[PDB]
């Protein structure tokens, strides 16, 4: 039984397609989001009201057209923008943005409580933010998100896909004041407060999102306030949580993204070509426990990411926990022990041994 019958429509788009309900979903300076309805599809939408009062006639016409540019953005990793128009709020001009309503919330809400699910969702959500950003940066003229952070990444579900939303509008962030209210220091590149920055601010913010997804903790939480973060960021002092990244590949991508010098930062084109984003083997090995160099034995986990890529009747999300002595063991012999125990068919030995070798050869080198 639905009580959608009691929700009274309080406004309509000039087109007539969308209805506004007086149910506020979120706030912020310059923005109020409302529950809305599409009368063509009968699906609840977000009715967003955007307004900067202290805006000139010239600035307002540039903000209205920036809003109209978003309508033509269609990509599976970008929240869909259905329509935008100019209206009046408290006598002054305002912009209304109608967008898809994300019911499973943000990545920020998700990471407050939950770790990203295993075996593949971390790699997928990363690749999806990169694909979404790449799409925005390849528009004519290029779009820069300007406000990328976990609270602006929406999830379809814990095993679903991610969508970037709440783009930072160029005209709405022209000033140091607007940037200080809109932006989240943790996710902001050091050059964010300069009058001129490019798309590499979005790369820096991506690096911080990925850090948060990897460490399951908030970047720069050691800081008491935003001034301390600004001081640390501009000094070239990484978040303490960066040294909590246990995967060398994940630590490498992050550092290449959160580089102080904008020109030294990694490009999305090349990131998308990183081996970390490959899924050809269908097998991956990770550390199960925190590695103490006093120990000779590691505690590892083998993930069957793709049961189709293997001979036999394998279940989804299959994870094998096994020990490995860095001194006396070999990946090829351990893969044979997996075959013998009945985990794998003999013909998958080479694929198993490689997944083990990939994780175990770097750690063995580090040992003294």
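Positions refer to the first chain, counted from 1.
Comparing 89 to 97 with 172 to 180, the higher mean C-alpha B-factor in the PDB entry belongs to 89 to 97. Of the two stretches examined, 7 to 15 and 355 to 363, the record assigns the greater average C-alpha temperature factor to 7 to 15. Of the residues listed, 70, 338, 304, 46, the entry assigns the biggest Cα temperature factor to 70.
The top Cα temperature factor in the record, among 209, 201, 226, 254, falls on 226. In the PDB entry, residue 236 places in the highest third of its chain by CA B-factor.
In the deposited entry, the Cα temperature factor of residue 299 places it in the lowest third of its chain's modelled residues. Per the PDB record, residue ranking by Cα B-factor puts residue 218 in the middle third of the chain. Per-chain ranking of the deposited C-alpha B factor places residue 84 in the highest third. In the deposited entry, the Cα temperature factor of residue 150 sits in the middle third of values across the chain's modelled residues.
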